[PDB]
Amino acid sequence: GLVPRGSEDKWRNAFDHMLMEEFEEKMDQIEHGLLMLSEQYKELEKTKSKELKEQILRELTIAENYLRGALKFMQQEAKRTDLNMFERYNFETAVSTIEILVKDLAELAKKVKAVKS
C-alpha cells in the first residue's frame, strides 16, 4: 500500500495528504471570511458602530492567530530533507498563500481602526 519513495508527482505520506487538504479548505474559508469582513467594514464606515468595529477586529485577530500557527507547520515541513517535487511545491505554495492572506488581514485591520467611532 506504500507509495514508492522515488515517486515525485504525488503525496507519498497519507498524513500530508489529509492535513494539506484540510489546510486548503481552511484557507478558502478564511479568504471568504475576509471578503465578508470587508463588506462589514463598508457598513461600519457609514454607521460608525463601535460593536461592529470591535467585532471585526476580534475576527481579524482570530484569523491571524490561526494563520501564524499554520505558517509554522508549513515552514517546518518545508525544511524536510526528504521532500519530493510535488510535496515541496505544495508546502512552498502554502507558505506563500498564507503570507499573502496575513497581509490582506492586516490591511483590513488598518482600515477598520481608521474609522473614527
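Start at 1 with the first residue shown and count on from there.
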- Query: Is the mean CA B factor in the deposited entry higher across 59-67 or across 82-90?
  - Reply: 82-90
- Query: Looking only at CA atoms, which has the higher mean B factor in the entry: 29-37 or 72-80?
  - Reply: 72-80
- Record-listed C-alpha B factor of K42: chain third: middle
- Query: Taking the C-alpha B-factors as the PDB entry records them, is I98 in the lowest, middle or highest third of its chain?
  - Reply: middle
- Note on the structure: Of the three thirds of the chain ranked by Cα temperature factor, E107 occupies the highest
- Using the B-factors in the PDB entry, rank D9's C-alpha atom against the chain and give the third, lowest, middle or highest. highest
